[PDB]
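Next up, upload.csv (CSV, C-alpha atoms and all ligand atoms):
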```csv
chain,number,residue,atom,x,y,z
L,1,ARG,CA,0.0,0.0,0.0
L,2,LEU,CA,1.7,3.2,-1.3
L,3,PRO,CA,0.6,6.6,-0.1
L,4,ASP,CA,-1.9,8.7,-2.0
L,5,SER,CA,0.5,11.6,-2.2
L,6,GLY,CA,20.7,7.4,-12.6
L,7,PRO,CA,24.2,8.2,-14.0
L,8,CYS,CA,24.4,11.6,-12.2
L,9,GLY,CA,23.1,10.0,-9.0
L,10,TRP,CA,26.1,7.6,-8.9
L,11,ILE,CA,28.4,10.7,-9.1
L,12,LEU,CA,26.8,12.3,-6.1
L,13,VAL,CA,26.8,8.9,-4.3
L,14,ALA,CA,30.4,8.3,-5.1
L,15,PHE,CA,31.4,11.8,-4.0
L,16,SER,CA,29.5,11.1,-0.7
L,17,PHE,CA,31.2,7.7,-0.3
L,18,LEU,CA,34.6,9.4,-0.8
L,19,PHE,CA,33.9,12.3,1.5
L,20,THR,CA,32.7,10.2,4.3
L,21,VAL,CA,35.7,7.9,4.1
L,22,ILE,CA,37.9,11.0,3.9
L,23,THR,CA,36.1,12.2,7.1
L,24,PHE,CA,35.6,8.7,8.5
L,25,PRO,CA,36.5,9.0,12.2
L,26,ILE,CA,34.1,12.0,12.5
L,27,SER,CA,31.4,11.3,9.9
L,28,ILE,CA,30.9,7.6,10.7
L,29,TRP,CA,28.9,8.7,13.7
L,30,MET,CA,26.4,10.4,11.4
L,31,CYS,CA,26.3,7.5,8.9
L,32,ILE,CA,25.4,5.0,11.6
L,33,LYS,CA,21.8,4.7,12.9
L,34,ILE,CA,20.3,2.3,15.4
L,35,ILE,CA,16.6,1.6,15.5
L,36,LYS,CA,15.1,-0.1,18.6
L,37,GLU,CA,12.5,-2.9,18.8
L,38,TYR,CA,9.6,-0.4,19.1
L,39,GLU,CA,10.8,2.0,16.4
L,40,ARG,CA,10.7,2.1,12.6
L,41,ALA,CA,12.7,4.1,10.0
L,42,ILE,CA,11.6,5.7,6.7
L,43,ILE,CA,14.5,6.4,4.4
L,44,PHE,CA,14.8,8.4,1.2
L,45,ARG,CA,17.8,8.2,-1.1
L,46,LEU,CA,18.0,11.0,-3.7
L,47,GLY,CA,14.3,11.5,-3.0
L,48,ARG,CA,13.1,8.0,-3.8
L,49,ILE,CA,11.9,5.9,-0.9
L,50,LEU,CA,13.9,2.7,-0.3
L,51,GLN,CA,12.0,-0.3,-1.6
L,52,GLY,CA,10.0,-2.4,0.9
L,53,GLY,CA,8.3,-1.6,4.1
L,54,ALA,CA,9.6,0.6,7.0
L,55,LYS,CA,13.0,-0.5,8.2
L,56,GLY,CA,12.9,-2.7,11.3
L,57,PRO,CA,15.2,-2.7,14.4
L,58,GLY,CA,18.9,-3.0,14.2
L,59,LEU,CA,22.0,-1.2,12.7
L,60,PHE,CA,21.7,0.9,9.5
L,61,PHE,CA,24.0,3.0,7.4
L,62,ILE,CA,23.1,6.2,5.5
L,63,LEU,CA,25.0,8.9,3.6
L,64,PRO,CA,23.8,12.3,5.0
L,65,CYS,CA,24.5,14.1,1.8
L,66,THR,CA,22.3,11.9,-0.5
L,67,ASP,CA,19.9,10.4,2.1
L,68,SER,CA,17.1,11.6,4.4
L,69,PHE,CA,16.0,9.7,7.5
L,70,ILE,CA,12.8,9.7,9.5
L,71,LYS,CA,12.3,7.7,12.7
L,72,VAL,CA,8.8,6.7,14.0
L,73,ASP,CA,7.9,5.5,17.5
L,74,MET,CA,5.3,2.7,17.3
L,75,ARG,CA,4.1,2.8,20.9
L,76,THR,CA,0.8,3.9,22.3
L,77,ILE,CA,0.6,7.6,23.3
L,78,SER,CA,-2.0,9.5,25.3
L,79,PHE,CA,-3.0,13.1,25.0
L,80,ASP,CA,-5.1,15.3,27.4
L,81,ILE,CA,-7.6,17.1,25.1
L,82,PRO,CA,-8.5,20.7,25.9
L,83,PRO,CA,-12.0,21.1,27.3
L,84,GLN,CA,-14.9,21.6,25.0
L,85,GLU,CA,-18.4,23.2,24.9
L,86,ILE,CA,-21.2,20.7,23.9
L,87,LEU,CA,-24.9,20.6,23.3
L,88,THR,CA,-26.9,17.4,24.1
L,89,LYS,CA,-29.8,16.1,22.1
L,90,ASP,CA,-32.1,17.6,24.7
L,91,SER,CA,-30.3,20.9,24.3
L,92,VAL,CA,-28.3,21.0,27.6
L,93,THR,CA,-25.2,23.1,27.6
L,94,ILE,CA,-22.3,21.1,29.1
L,95,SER,CA,-18.5,21.4,29.1
L,96,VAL,CA,-16.5,18.1,28.8
L,97,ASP,CA,-12.8,17.3,29.2
L,98,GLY,CA,-11.5,14.4,27.1
L,99,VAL,CA,-8.5,12.1,26.8
L,100,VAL,CA,-7.4,10.1,23.7
L,101,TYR,CA,-5.1,7.1,23.3
L,102,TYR,CA,-3.6,6.3,19.8
L,103,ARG,CA,-0.8,4.4,18.1
L,104,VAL,CA,1.0,4.4,14.7
L,105,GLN,CA,-0.2,1.3,12.8
L,106,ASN,CA,1.7,2.0,9.5
L,107,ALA,CA,4.9,4.0,9.6
L,108,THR,CA,5.0,4.8,5.9
L,109,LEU,CA,1.5,6.4,5.7
L,110,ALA,CA,2.2,8.3,8.9
L,111,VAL,CA,5.2,10.0,7.3
L,112,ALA,CA,4.4,10.4,3.6
L,113,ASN,CA,0.6,10.8,3.5
L,114,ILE,CA,-0.1,13.4,6.2
L,115,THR,CA,1.9,16.5,7.2
L,116,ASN,CA,1.4,16.2,10.9
L,117,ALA,CA,-0.2,12.9,12.1
L,118,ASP,CA,-0.5,14.0,15.8
L,119,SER,CA,-2.3,17.2,15.2
L,120,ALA,CA,-4.6,15.6,12.6
L,121,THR,CA,-5.5,12.8,15.1
L,122,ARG,CA,-6.0,15.0,18.1
L,123,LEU,CA,-8.3,17.4,16.2
L,124,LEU,CA,-10.3,14.5,14.8
L,125,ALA,CA,-10.9,13.1,18.2
L,126,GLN,CA,-12.3,16.4,19.4
L,127,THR,CA,-14.8,16.8,16.5
L,128,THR,CA,-15.8,13.1,16.8
L,129,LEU,CA,-16.6,13.5,20.5
L,130,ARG,CA,-18.5,16.7,19.7
L,131,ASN,CA,-20.8,14.9,17.2
L,132,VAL,CA,-21.6,11.7,19.1
L,133,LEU,CA,-22.7,13.4,22.3
L,134,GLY,CA,-25.0,15.7,20.3
L,135,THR,CA,-27.0,12.6,19.4
L,136,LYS,CA,-27.5,11.6,23.0
L,137,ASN,CA,-29.7,12.9,25.9
L,138,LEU,CA,-27.8,13.9,29.0
L,139,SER,CA,-29.1,10.8,30.9
L,140,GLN,CA,-27.8,8.6,28.1
L,141,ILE,CA,-24.4,10.1,28.2
L,142,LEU,CA,-24.0,9.0,31.9
L,143,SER,CA,-25.4,5.5,31.2
L,144,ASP,CA,-24.2,4.4,27.7
L,145,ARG,CA,-20.4,4.3,27.7
L,146,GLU,CA,-20.2,1.1,25.6
L,147,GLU,CA,-22.6,2.2,22.9
L,148,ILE,CA,-20.9,5.7,22.7
L,149,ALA,CA,-17.5,4.1,22.4
L,150,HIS,CA,-18.7,1.8,19.6
L,151,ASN,CA,-20.2,4.7,17.7
L,152,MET,CA,-16.9,6.7,17.8
L,153,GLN,CA,-14.7,3.8,16.8
L,154,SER,CA,-16.2,3.2,13.4
L,155,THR,CA,-16.1,7.0,12.7
L,156,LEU,CA,-12.5,7.3,13.7
L,157,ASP,CA,-11.2,4.1,11.9
L,158,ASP,CA,-12.6,5.2,8.5
L,159,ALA,CA,-10.8,8.5,8.8
L,160,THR,CA,-7.5,7.5,10.4
L,161,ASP,CA,-6.8,4.5,8.1
L,162,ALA,CA,-5.3,6.6,5.4
L,163,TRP,CA,-3.0,8.2,8.0
L,164,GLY,CA,-1.6,4.9,9.3
L,165,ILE,CA,-3.1,5.7,12.8
L,166,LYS,CA,-5.3,3.5,15.1
L,167,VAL,CA,-7.2,5.3,17.8
L,168,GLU,CA,-7.6,3.0,20.8
L,169,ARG,CA,-9.7,5.0,23.3
L,170,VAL,CA,-11.5,8.3,23.8
L,171,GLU,CA,-12.8,9.0,27.3
L,172,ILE,CA,-14.1,11.9,29.4
L,173,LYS,CA,-12.5,12.9,32.7
L,174,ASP,CA,-14.9,15.8,33.7
L,175,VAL,CA,-18.4,17.0,32.9
L,176,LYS,CA,-19.9,20.3,34.2
L,177,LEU,CA,-23.3,22.1,34.0
L,178,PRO,CA,-23.3,25.9,34.1
L,179,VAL,CA,-24.1,27.2,37.5
L,180,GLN,CA,-27.5,28.5,36.6
L,181,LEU,CA,-28.7,25.0,35.8
L,182,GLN,CA,-27.2,23.1,38.8
L,183,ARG,CA,-30.0,23.2,41.3
L,184,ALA,CA,-32.8,22.8,38.7
L,185,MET,CA,-31.3,19.6,37.4
L,186,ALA,CA,-30.8,18.2,40.9
L,187,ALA,CA,-34.6,18.2,41.6
L,188,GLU,CA,-34.9,14.4,41.9
L,189,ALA,CA,-32.2,14.1,44.5
L,190,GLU,CA,-33.6,17.1,46.5
L,191,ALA,CA,-37.1,15.7,46.4
L,192,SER,CA,-36.1,12.3,47.8
L,193,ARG,CA,-34.6,13.8,50.9
L,194,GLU,CA,-37.5,16.2,51.4
L,195,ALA,CA,-39.9,13.2,51.1
L,196,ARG,CA,-38.2,11.5,54.0
L,197,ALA,CA,-38.0,14.7,56.0
L,198,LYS,CA,-41.8,15.1,55.8
L,199,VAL,CA,-42.4,11.7,57.4
L,200,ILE,CA,-40.0,12.6,60.2
L,201,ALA,CA,-41.7,16.0,60.7
L,202,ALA,CA,-45.2,14.5,60.8
L,203,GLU,CA,-44.1,12.1,63.6
L,204,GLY,CA,-43.0,15.1,65.5
L,205,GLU,CA,-46.4,16.7,65.2
L,206,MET,CA,-48.0,13.5,66.6
L,207,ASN,CA,-45.5,13.2,69.5
L,208,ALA,CA,-46.1,16.9,70.6
L,209,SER,CA,-49.9,16.9,70.3
L,210,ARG,CA,-50.8,15.5,73.7
L,211,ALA,CA,-49.0,18.3,75.6
L,212,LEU,CA,-50.6,21.0,73.5
L,213,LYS,CA,-54.0,19.5,74.2
L,214,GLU,CA,-53.3,19.6,78.0
L,215,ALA,CA,-52.1,23.2,77.7
L,216,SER,CA,-55.2,24.2,75.7
L,217,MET,CA,-57.6,22.7,78.2
L,218,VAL,CA,-56.2,24.8,81.0
L,219,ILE,CA,-56.0,28.0,78.8
L,220,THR,CA,-59.6,27.8,77.7
L,221,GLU,CA,-60.9,27.9,81.2
L,222,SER,CA,-59.9,31.6,81.3
L,223,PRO,CA,-59.8,32.5,77.6
L,224,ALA,CA,-57.9,35.8,77.9
L,225,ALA,CA,-54.9,33.7,78.7
L,226,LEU,CA,-54.4,33.1,75.0
L,227,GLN,CA,-54.0,36.8,74.4
L,228,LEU,CA,-51.3,36.9,77.1
L,229,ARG,CA,-49.5,34.1,75.1
L,230,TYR,CA,-50.0,36.2,72.0
L,231,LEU,CA,-48.3,39.2,73.5
L,232,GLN,CA,-45.3,37.2,74.8
L,233,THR,CA,-44.9,35.9,71.2
L,234,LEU,CA,-44.6,39.4,69.9
L,235,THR,CA,-41.9,40.2,72.5
L,236,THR,CA,-39.9,37.1,71.5
L,237,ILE,CA,-40.2,38.0,67.7
L,238,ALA,CA,-39.1,41.6,68.2
L,239,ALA,CA,-35.7,40.5,69.6
L,240,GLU,CA,-34.7,38.8,66.3
L,241,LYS,CA,-32.6,40.6,63.7
L,242,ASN,CA,-35.5,41.3,61.3
L,243,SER,CA,-37.9,44.1,60.5
L,244,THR,CA,-41.1,44.1,62.6
L,245,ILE,CA,-44.1,46.3,61.8
L,246,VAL,CA,-46.8,46.8,64.5
L,247,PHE,CA,-50.2,48.3,64.2
L,248,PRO,CA,-52.1,49.3,67.4
L,249,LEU,CA,-55.7,49.1,66.3
L,250,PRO,CA,-58.5,50.8,68.3
L,251,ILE,CA,-61.3,48.4,67.4
L,252,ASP,CA,-64.0,50.3,69.4
L,253,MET,CA,-63.1,53.5,67.4
L,254,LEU,CA,-63.4,51.5,64.2
L,255,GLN,CA,-66.6,50.0,65.5
L,256,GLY,CA,-68.0,53.6,65.4
L,257,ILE,CA,-67.5,54.0,61.7
D,1,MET,CA,-53.5,20.1,22.3
D,2,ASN,CA,-50.9,17.3,22.8
D,3,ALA,CA,-50.7,17.8,26.5
D,4,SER,CA,-54.4,18.0,27.2
D,5,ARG,CA,-55.2,14.3,27.4
D,6,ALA,CA,-52.8,13.6,30.3
D,7,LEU,CA,-54.0,16.7,32.2
D,8,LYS,CA,-57.6,15.5,31.9
D,9,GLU,CA,-56.6,12.1,33.3
D,10,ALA,CA,-54.7,13.7,36.2
D,11,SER,CA,-57.7,16.1,36.8
D,12,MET,CA,-60.2,13.3,37.0
D,13,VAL,CA,-58.2,11.4,39.7
D,14,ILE,CA,-57.4,14.6,41.7
D,15,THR,CA,-61.0,15.8,41.9
D,16,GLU,CA,-62.3,12.6,43.6
D,17,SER,CA,-61.0,13.8,47.0
D,18,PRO,CA,-61.1,17.5,47.9
D,19,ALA,CA,-57.7,18.1,49.6
D,20,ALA,CA,-55.7,16.7,46.7
D,21,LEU,CA,-55.6,19.8,44.5
D,22,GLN,CA,-54.6,21.9,47.6
D,23,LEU,CA,-51.6,19.6,48.1
D,24,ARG,CA,-50.6,20.3,44.5
D,25,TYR,CA,-50.9,24.1,45.2
D,26,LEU,CA,-48.6,23.9,48.2
D,27,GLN,CA,-45.9,21.9,46.4
D,28,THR,CA,-45.9,24.5,43.6
D,29,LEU,CA,-45.2,27.2,46.2
D,30,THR,CA,-42.2,25.3,47.5
D,31,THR,CA,-40.8,25.0,44.0
D,32,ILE,CA,-41.3,28.7,43.4
D,33,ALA,CA,-39.5,29.8,46.5
D,34,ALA,CA,-36.1,28.4,45.2
D,35,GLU,CA,-36.0,30.8,42.3
D,36,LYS,CA,-34.2,34.2,42.8
D,37,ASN,CA,-36.2,37.4,43.4
D,38,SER,CA,-39.4,35.5,44.4
D,39,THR,CA,-41.3,37.4,47.1
D,40,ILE,CA,-44.0,35.4,48.9
D,41,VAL,CA,-46.7,37.1,51.0
D,42,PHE,CA,-48.1,34.7,53.6
D,43,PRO,CA,-51.3,35.2,55.6
D,44,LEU,CA,-51.8,33.3,58.9
D,45,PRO,CA,-55.5,33.5,60.0
D,46,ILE,CA,-55.5,33.2,63.8
D,47,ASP,CA,-58.3,32.9,66.3
D,48,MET,CA,-58.1,34.4,69.7
D,49,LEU,CA,-61.4,32.7,70.9
D,50,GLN,CA,-63.5,35.7,71.7
W,301,NA,NA,-8.8,16.7,28.4
```

Please render this file's structure as structure tokens.
Amino acid sequence: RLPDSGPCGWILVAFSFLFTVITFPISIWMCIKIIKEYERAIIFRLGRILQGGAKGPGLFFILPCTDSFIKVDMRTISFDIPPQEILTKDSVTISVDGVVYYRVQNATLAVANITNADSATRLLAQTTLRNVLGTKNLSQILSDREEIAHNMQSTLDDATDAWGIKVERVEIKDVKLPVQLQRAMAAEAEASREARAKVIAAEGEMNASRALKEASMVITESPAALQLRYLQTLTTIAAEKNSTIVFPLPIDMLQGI
Amino acid sequence: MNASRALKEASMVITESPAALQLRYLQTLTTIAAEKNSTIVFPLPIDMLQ
């Protein structure tokens, strides 16, 4: 799979052979290359790419005048995506903070078919995450990891194949609602605790009721006692750090008009 | 028009016992109180037994 993108050569090659031998105890260090188990090399000689696949591990020789040399790490790499602003299918504004893991699958395509594989891959992960979550309600986003991952993978594989890249994971490390929505969306949790509080409060009413009845039966034998309790309530209330408005009301004067 | 059928069903059940609609009113007030700039004016009818 190739990427989508002579007599005078021997003279330059011979000149380079001679020059490097003339400079041998210095230039041999530039000629020699060592590629580790987990690396691959892409080599051009007079602009043509050396026949076959990417060069494997071991010891290799190049002439720096006529040859160009690119070295590719084949290991998995992880990148912490910058945070994004997203809209859910139900139209909720959320900000998410992603992470992507990816690996070079074909070293030749990664070098010769795309200008910058890393930037292409990292941007593609952002736009793919933006799209998929726009097809889900907020509740589905929290519950449907496996389905969401499956949807992204097919999208990513179709695009990254030509770049020689395999994306292995995309995941989310933070999700935030804007502050104006936070209590409104929490209604279900708030209601459950209020429901249990109501049961506790009603039990308190029942426990206190007997003493109030006993107090009432004494008070009603001289009914003006309730007005004395009323006036003491006003004195207690006035002491709190709040505004109190009081209206003395001469009812017998009003009774006259 | 789309919402009307469910409201009719809810109304028919609620109206079979008199206090039910009043409970719905009070729950609404509790929901209102959480929003900003919501002033509530609350009468307390009291009897001094004269
Ligand atoms: Na991130």

Against chain D, which residues of chain L fall within 10 Å? For each one I want the closest pair of atoms and the distance in Å (one decimal), counting all atoms listed in the file, rows by chain and increasing residue number, as a Markdown table.
```
| residue | atom | partner | partner_atom | distance |
| --- | --- | --- | --- | --- |
| L:183 | CA | D:34 | CA | 8.9 |
| L:184 | CA | D:34 | CA | 9.2 |
| L:187 | CA | D:31 | CA | 9.5 |
| L:220 | CA | D:49 | CA | 8.6 |
| L:223 | CA | D:49 | CA | 6.9 |
| L:224 | CA | D:48 | CA | 8.3 |
| L:225 | CA | D:48 | CA | 9.6 |
| L:226 | CA | D:48 | CA | 6.6 |
| L:227 | CA | D:48 | CA | 6.7 |
| L:230 | CA | D:48 | CA | 8.6 |
```

For the selection just defined, write its residues with C-alpha atoms to a file, as a tab-separated table (two decimals), in the coordinates of the input.
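Ended up saving to again-v3.tsv:
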```tsv
chain	number	residue	atom	x	y	z
L	183	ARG	CA	-30.00	23.20	41.30
L	184	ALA	CA	-32.80	22.80	38.70
L	187	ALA	CA	-34.60	18.20	41.60
L	220	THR	CA	-59.60	27.80	77.70
L	223	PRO	CA	-59.80	32.50	77.60
L	224	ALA	CA	-57.90	35.80	77.90
L	225	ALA	CA	-54.90	33.70	78.70
L	226	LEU	CA	-54.40	33.10	75.00
L	227	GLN	CA	-54.00	36.80	74.40
L	230	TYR	CA	-50.00	36.20	72.00
```

- Gap from atom CA of residue 162 of chain L to atom CA of residue 55 of chain L - Å, one decimal: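 We find that atom CA of residue 162 of chain L and atom CA of residue 55 of chain L lie 19.8 Å from each other.
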
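Of the listed residues (L:173, L:193, L:213, L:33), L:173 comes nearest to ligand NA 301 (chain W); the distances count all atoms listed in the file.
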
- residue 93 of chain L proximity check over L:164, L:248, L:47, L:134, using all atoms listed in the file: winner is L:134

- Item | Protein and nucleic acid residues within 12 Å of ligand NA 301 (chain W) (all atoms listed in the file) as a ChimeraX atom specification | /L:78-84,95-101,122,125-126,129,170-175

- Quick one: distance from atom CA of residue 40 of chain L to atom CA of residue 117 of chain L in Å, one decimal?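 Separating atom CA of residue 40 of chain L from atom CA of residue 117 of chain L is a distance of 15.4 Å.
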
- Task: Using all atoms listed in the file, determine which residues lie at most 12 Å from residue 30 of chain D, disregarding the query and same-chain residues fewer than 4 positions distant; provide the list as an NGL selection string.
- Result: (:L and (187 or 190-191 or 194)) or (:D and (23-26 or 34-35 or 38 or 40))

- Check the smallest atom-to-atom distance from each of L:1, L:145, L:89, L:71 to residue 52 of chain L using all atoms listed in the file, then report the winner.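 Among the listed residues, L:1 lies closest to residue 52 of chain L.
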
- Query: Using all atoms listed in the file, which residues sit within 10 Å of residue 2 of chain L once same-chain residues fewer than 5 positions away are excluded, as a ChimeraX atom specification?
  - Reply: /L:53,108-109,112-113

- What does the distance between atom CA of residue 7 of chain D and atom CA of residue 28 of chain D come to in Å, to one decimal place?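 Straight-line distance from atom CA of residue 7 of chain D to atom CA of residue 28 of chain D works out to 16.0 Å.
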
- Query: Out of L:11, L:92, L:123, L:74, which residue has the shortest atom-to-atom distance to residue 139 of chain L when counting all atoms listed in the file?
  - Reply: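 Counting all atoms listed in the file, the residue closest to residue 139 of chain L is L:92.
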
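Residues in contact with residue 62 of chain L at 7 Å, where all atoms listed in the file are counted and same-chain residues fewer than 5 positions away are skipped, are listed as residues 31, 32 and 67 of chain L.
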